[PDB]
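Working notes, beginning with the structure itself.
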Amino acid sequence: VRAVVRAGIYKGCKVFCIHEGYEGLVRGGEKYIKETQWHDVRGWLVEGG
Amino acid sequence: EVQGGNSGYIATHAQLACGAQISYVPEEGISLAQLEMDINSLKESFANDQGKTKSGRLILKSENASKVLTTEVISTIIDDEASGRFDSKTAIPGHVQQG
Amino acid sequence: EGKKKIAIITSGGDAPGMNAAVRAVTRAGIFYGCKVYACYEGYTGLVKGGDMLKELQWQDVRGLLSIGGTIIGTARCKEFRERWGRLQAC
Amino acid sequence: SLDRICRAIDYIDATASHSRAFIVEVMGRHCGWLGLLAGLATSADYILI
Amino acid sequence: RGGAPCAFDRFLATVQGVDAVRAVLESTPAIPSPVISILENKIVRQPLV
Amino acid sequence: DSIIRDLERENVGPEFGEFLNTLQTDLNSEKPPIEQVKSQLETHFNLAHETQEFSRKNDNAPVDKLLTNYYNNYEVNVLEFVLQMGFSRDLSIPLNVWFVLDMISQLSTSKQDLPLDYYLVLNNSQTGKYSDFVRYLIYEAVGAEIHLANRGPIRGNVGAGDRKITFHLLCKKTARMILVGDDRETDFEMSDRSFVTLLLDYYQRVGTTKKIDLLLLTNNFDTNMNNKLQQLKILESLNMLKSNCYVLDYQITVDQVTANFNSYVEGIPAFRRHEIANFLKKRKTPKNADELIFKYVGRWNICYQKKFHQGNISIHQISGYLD
Amino acid sequence: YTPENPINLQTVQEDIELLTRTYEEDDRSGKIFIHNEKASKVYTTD
Amino acid sequence: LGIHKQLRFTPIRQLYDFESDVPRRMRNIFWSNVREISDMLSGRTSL
């Protein structure tokens, strides 16, 4: 996810993180579909799950 | 300080896996111009940390990247140039990396 | 000739530092946008001024601060004691 | 002693000029070794030993 | 008269030499022809006359 | 008085000294000296048409109120380290000076402001010989009768808020004095390429650690050395611009350098990454390797944001830094 | 090199540039740098 | 015996004579793209 957020940002496009996978995709809204920034995926390499 | 000798393979991959800001490799070497540019990057990086996650900063330096600009020398230059805005410390594990 | 032509002469008895003086005159002259000309063997070179008047380059005065006496060379005031000698020097 | 002599000759050589001759009066009553060796070391024109 | 100039002479000739060039540039017929001199450790332009 | 001699020695028009002789300031009145000089300028040099056309040829862009219209009273009165990167070749020197006074007055409305430091760089020869003229007018606009210097910064109070200003004119002459240690003779040739590195050398020696918050960019003379884009890529490289710095690029005539500028500054990280990268193979040659433009290349990871654009006059603000 | 004047990556690069530009003209030679023992705890004589 | 893009056996002759810094260096790299990406992800500016 860190890679997708940064790569997409670098290639000049808005990246949205769909929280709770398909549930988030079906329910929709700002609640599950949040716009993600470059600094928002900081140190995610170490993070598990 | 990174192992692997004249091969920059391990520092390249460790930079990707750890999220290091820079990796100094034997194939490229370390120029004073790049060192100054990279230090100014750090200066700006810390000036922009105001508000974001504090994840920490790494520079990976393969021992063979420079015989003159060594891990210890590089770090002292960072402190000199940082002008109290941040500090630099070395991490030299040694030829124990075998595992 | 676009620039200013400054002539440097070392005349009289030798004195250690004459070379340092020549090096400072030359290099400062060049820096300020002039052409520095050496006048060889004191006033004699100024009186018989032809091949005796040669230009000095920034590199010509290398290491002169540890040399002495003079690389321009010196000569006794003799023909420059007479008016016709000073006329020719002019 | 030979060193003292050569030190003087060296200083004499360290200058410019026509119509100039220089005399180095050397101590050494019986032998001409000092005169000869100074003459050799400093490539003197003429030695009186 | 021979040999390398001493510490002070190296300074004195280099400093007076630079000023000599300056004195040339800084000239006009109204300003008299000088002698680059030294007084209280200060380089001074005394009149040649 | 001593300045009027400098311009006649420089083969300049008497129109300048004639102005310095009629230049009066009644600092006892209600109108601030900045506007007294500003008014005097506009009426001695009849820049009426030049100010009108400068706007007209930029699609009625308010040149008089650029900062003013855009920012709120707070935003514009918070900007404290302004750095003007020379004059516009397209504008006359009297209009150029007027524009600096107008800018200064645009940053000094409120009497509830912190001090301001204004840096005006006269980067080429064609403008550099107007430094003392500029300085003398500044000396009067700020009214440095509070507590002029041959080499030094002008300190006064300015505008309608009598805001403390501390103005500094950086030029080849002040630079020439600095190097020869205030010695009388300074007539040695100084490259414009040499002037940037020396301006860099002073900031490094003074240990100055204040960030540029408003940058004035333009089309100077000697564009081979004093280019608009490269000028920015050096302040970007050296970490001299604030975290949210403003960049204003006023001009009239349109060049590739203006098109290359806007493309870089408005481009995506991948476009900037590559922009820098190309220039490097395309221009870095063994003979040219030493140059300041192959040491301080810019930062692709810096993110700008468009805030204004009214025909060839635009404002951009540093919105981010990717790391 | 003196304590009165700052020593850094830019100053050092400039010093190298001078030395480089000086040597690429030479054809008596041999150049020197004067380093004051107490000038920088970083950029030492060594 | 080696991994190439394929698990292949390469005769020592071609790798020693042509593919190696036989000398004191003991080592042309493949990881160039990995390098570009890690500089991209960290905002590094090269020269």
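A quick note on method: Cβ atoms are made from the backbone with ideal geometry, for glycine too, and the neighbour counts reach across all protein chains shown. No value in this document is a laboratory result; all are computed from the given coordinates.
Give the residue that is farthest from the chain's Cα centre (by Cα), with candidates limited to residues of region F:201-242 that are hydrophobic (A, V, I, L, M, F, W, C), more than 14 Å from chain B (Cβ to nearest Cβ) and in a loop (DSSP other than H, G, I, E, B). Show your work before the answer.
Restricting attention to region F:201-242, the residues satisfying the condition of being hydrophobic (A, V, I, L, M, F, W, C) are F:206, F:212, F:214-217, F:221, F:225, F:229, F:232, F:234-235, F:238, F:240-241.
After this cut, where a residue has to be more than 14 Å from chain B (Cβ to nearest Cβ) as well, the list is F:214-217, F:221, F:225, F:229, F:232.
Filter once more, so that each one left must be in a loop (DSSP other than H, G, I, E, B): F:221, F:225.
On the way: F:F221: 13, F:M225: 16 Å.
That would be F:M225.
Can you name the condition, by its number, that F:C245 falls short on among (1) away from chain B (no Cβ under 14 Å); (2) not in a loop (DSSP other than H, G, I, E, B)?
(1)
For every residue, the table says whether it meets (1) in a loop (DSSP other than H, G, I, E, B); (2) within 14 Å of chain E (Cβ to nearest Cβ); (3) within 28 Å of C:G13 (Cα to Cα).
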site: D:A8; (1), (2), (3): no, yes, yes
site: D:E25; (1), (2), (3): yes, no, yes
site: D:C31; (1), (2), (3): yes, no, no
site: D:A44; (1), (2), (3): yes, no, yes
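Among the small types (G, A, S), in a loop (DSSP other than H, G, I, E, B) and within 12 Å of the chain's Cα centre (by Cα), is that true of H:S20?
yes
Could you tell me whether any residue of region F:248-263 is within 14 Å of chain A (Cβ to nearest Cβ), closer than 30 Å to F:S92 by Cα, surrounded by fewer than 16 Cβ atoms within 10 Å (Cβ to Cβ) and among the small types (G, A, S)?
So in region F:248-263, the residues within 14 Å of chain A (Cβ to nearest Cβ) come out as F:263.
In the following step, the residues that additionally are closer than 30 Å to F:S92 by Cα were identified as F:263.
Narrowing further to those that are surrounded by fewer than 16 Cβ atoms within 10 Å (Cβ to Cβ): F:263.
Still in the running and among the small types (G, A, S): F:263.
Within region F:248-263, one or more residues are within 14 Å of chain A (Cβ to nearest Cβ), closer than 30 Å to F:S92 by Cα, surrounded by fewer than 16 Cβ atoms within 10 Å (Cβ to Cβ) and among the small types (G, A, S).
Does E:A13 satisfy being within 7 Å of chain C (Cβ to nearest Cβ), surrounded by 18 or more Cβ atoms within 10 Å (Cβ to Cβ) and of a type outside the set (D, E, K, R)?
Numbers: within 7 Å of chain C (Cβ to nearest Cβ): yes; surrounded by 18 or more Cβ atoms within 10 Å (Cβ to Cβ): yes; of a type outside the set (D, E, K, R): yes.
For E:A13, the condition - within 7 Å of chain C (Cβ to nearest Cβ), surrounded by 18 or more Cβ atoms within 10 Å (Cβ to Cβ) and of a type outside the set (D, E, K, R) - is met.
Looking at (1) out of contact with any strand residue (DSSP E or B) (no Cβ under 7 Å at 6 or more places or on another chain); (2) in a helix (DSSP H, G or I); (3) of a type outside the set (K, R), which is the only condition E:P5 fails?
All conditions are met except number (2).
Let me confirm something: among C:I6, C:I71, C:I67, which residue is among the hydrophobic types (A, V, I, L, M, F, W, C) and closer than 28 Å to F:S191 by Cβ?
On the way: C:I71 fails: closer than 28 Å to F:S191 by Cβ; C:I67 fails: closer than 28 Å to F:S191 by Cβ.
Every option except C:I6 fails the conditions.
In this structure, does F:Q24 turn out to be in a helix (DSSP H, G or I) and more than 17 Å from the chain's Cα centre (by Cα)?
Values: in a helix (DSSP H, G or I): no; more than 17 Å from the chain's Cα centre (by Cα): yes.
No.
Given (1) more than 14 Å from chain A (Cβ to nearest Cβ); (2) of a type in the set (D, E, K, R); (3) in a helix (DSSP H, G or I), identify the lone condition not met by F:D290.
Of everything listed in (1) more than 14 Å from chain A (Cβ to nearest Cβ); (2) of a type in the set (D, E, K, R); (3) in a helix (DSSP H, G or I), F:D290 misses just condition (3).
When you check F:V297 against the structure, is it outside any strand (DSSP E or B) and crowded, with 21+ Cβ neighbours inside 10 Å, yes or no?
The answer is yes for F:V297.
So which residues in region B:25-52 are within 22 Å of F:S243 (Cβ to Cβ), within 7 Å of another protein chain (Cβ to nearest Cβ), out of contact with any strand residue (DSSP E or B) (no Cβ under 7 Å at 6 or more places or on another chain) and acidic (D, E), if there are any at all?
Across region B:25-52, the qualifying residue is only B:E36.
Give the number of residues within region B:50-73 that are loosely packed, with under 11 Cβ neighbours inside 10 Å and of a type in the set (S, T, N, Q).
Result for region B:50-73: 1.
What are the residues in region H:29-45 that are more than 8 Å from chain F (Cβ to nearest Cβ) and either of a type outside the set (A, V, I, L, M, F, W, C) or in contact with a helix residue (DSSP H, G or I) (Cβ under 6 Å, 6 or more places away or on another chain) (or both), if any?
Answer for region H:29-45, where residues must be more than 8 Å from chain F (Cβ to nearest Cβ) and either of a type outside the set (A, V, I, L, M, F, W, C) or in contact with a helix residue (DSSP H, G or I) (Cβ under 6 Å, 6 or more places away or on another chain) (or both): H:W31, H:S32, H:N33, H:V34, H:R35, H:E36, H:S38, H:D39, H:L41.
When you scan region H:7-14, do you find a residue that is hydroxyl-bearing (S, T, Y) and in a loop (DSSP other than H, G, I, E, B), even just one?
yes
Identify all residues within region B:14-31 that are part of a helix (DSSP H, G or I) and either buried (at least 17 other Cβ atoms within 10 Å of the Cβ) or in contact with a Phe, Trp or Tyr (Cβ under 6 Å, 6 or more places away or on another chain) (or both); write none if there are none.
Result: B:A14, B:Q15, B:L16.
Which one of the conditions (1) in a helix (DSSP H, G or I); (2) crowded, with 20+ Cβ neighbours inside 10 Å does B:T76 fail to meet, given that it meets all the rest?
Answer for B:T76: the failing condition is (2).
Out of (1) more than 14 Å from chain A (Cβ to nearest Cβ); (2) more than 17 Å from B:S83 (Cβ to Cβ), what's the single condition that is false for B:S55?
(1)
Failed condition for E:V35, given (1) at the interface with chain C (Cβ under 9 Å from one of its Cβ atoms); (2) closer than 21 Å to C:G12 by Cα, with all others met?
Status for E:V35: all satisfied but (1).
Would you point out the residue of region E:16-32, among those that are closer than 27 Å to C:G13 by Cβ and more than 9 Å from chain C (Cβ to nearest Cβ), that is farthest from the chain's Cα centre (by Cα)?
Within region E:16-32, the match that is farthest from the chain's Cα centre (by Cα) is E:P32.
Confirm whether G:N5 is within 24 Å of B:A33 (Cα to Cα), away from chain B (no Cβ under 13 Å) and surrounded by fewer than 16 Cβ atoms within 10 Å (Cβ to Cβ).
The answer is yes for G:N5.
Which of the residues that make up region F:248-287 are part of a loop (DSSP other than H, G, I, E, B) and among the β-branched types (V, I, T)?
Step one: of region F:248-287, the residues part of a loop (DSSP other than H, G, I, E, B) are F:250-255, F:267-268, F:284-287.
Matches in region F:248-287: F:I252, F:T253, F:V254, F:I268, F:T285.
Go over the candidates F:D59, F:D113 one by one and state the one that is part of a loop (DSSP other than H, G, I, E, B), acidic (D, E) and surrounded by 20 or more Cβ atoms within 10 Å (Cβ to Cβ).
Going through F:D59, F:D113 in turn, the sole match is F:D113.
Considering only region B:32-49, state which residues are among the acidic types (D, E) and buried (at least 20 other Cβ atoms within 10 Å of the Cβ).
B:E36, B:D38, B:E44
Residues of region A:4-45 being part of a helix (DSSP H, G or I) and more than 14 Å from chain F (Cβ to nearest Cβ), which ones?
Hits for region A:4-45 are A:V4, A:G21, A:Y22, A:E23, A:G24, A:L25, A:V26, A:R27.
Sort through F:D6, F:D64 and tell me the only one that's in a helix (DSSP H, G or I) and either farther than 18 Å from F:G161 by Cα or within 19 Å of the chain's Cα centre (by Cα) (or both).
Working: F:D64 fails: in a helix (DSSP H, G or I).
The match here is F:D6.
Of all residues in region F:305-323 being buried (at least 20 other Cβ atoms within 10 Å of the Cβ) and within 14 Å of chain A (Cβ to nearest Cβ), which is nearest to F:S194 (Cα to Cα)?
Result: F:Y321.
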